[PDB]
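Participant: Mind looking over this structure? Questions follow.
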Amino acid sequence: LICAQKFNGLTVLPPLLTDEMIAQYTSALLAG
Amino acid sequence: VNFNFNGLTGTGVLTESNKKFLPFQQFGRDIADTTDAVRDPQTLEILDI
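Note that the protein sequences, when read in sequence, are chains D and F. Just so we're aligned: 850 in the deposited numbering is position 2 of the first sequence, and the numbers increase by one with no gaps anywhere. Just so we're aligned: 572 in the deposited numbering is position 34 of the second sequence, and the numbers increase by one with no gaps anywhere.
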């Protein structure tokens, strides 16, 4: 359903921060 | 490529058959009311748009 929504020019954009860097930030917060 | 099948028109790119359809079924419109599976009315070819 995502590609059908994309194909009519309703294009989503990826976030600047991916999930792994968010996990790194959280791991740093737990360590601190 | 632009395409015109059975009078209905459109454009896009083509892919070979991967579904099964039904013995008389030729129109494969999906949930989003978009044509994405067509049949050639002269030879038994099922195509994806």
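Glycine included, every Cβ here is placed at the ideal spot set by N, Cα and C.
Along the chain, where does the beta strand (DSSP E) containing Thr549/F start, and where does it finish?
Facilitator: Its beta strand (DSSP E) spans residues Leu546 to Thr549.
Participant: On the DSSP bridge list, what partners appear for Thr553/F?
Facilitator: Looking at the DSSP assignment, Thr553/F forms a beta bridge with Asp586/F.
Participant: Between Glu583/F and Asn556/F, what straight-line distance do the alpha-carbon atoms span, to the nearest angstrom?
Facilitator: Spanning the two alpha carbons is a distance of roughly 11 Å.
Participant: Can you give me the C-alpha to C-alpha distance between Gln853/D and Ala570/F, rounded to a whole angstrom?
Facilitator: Using only the alpha carbons, I get a separation of about 8 Å.
Participant: Tell me which residue opens and which closes the beta strand (DSSP E) that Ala879/D is part of.
Facilitator: Here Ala879/D belongs to no beta strand (DSSP E); instead the alpha helix (DSSP H) covers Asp867 to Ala879.
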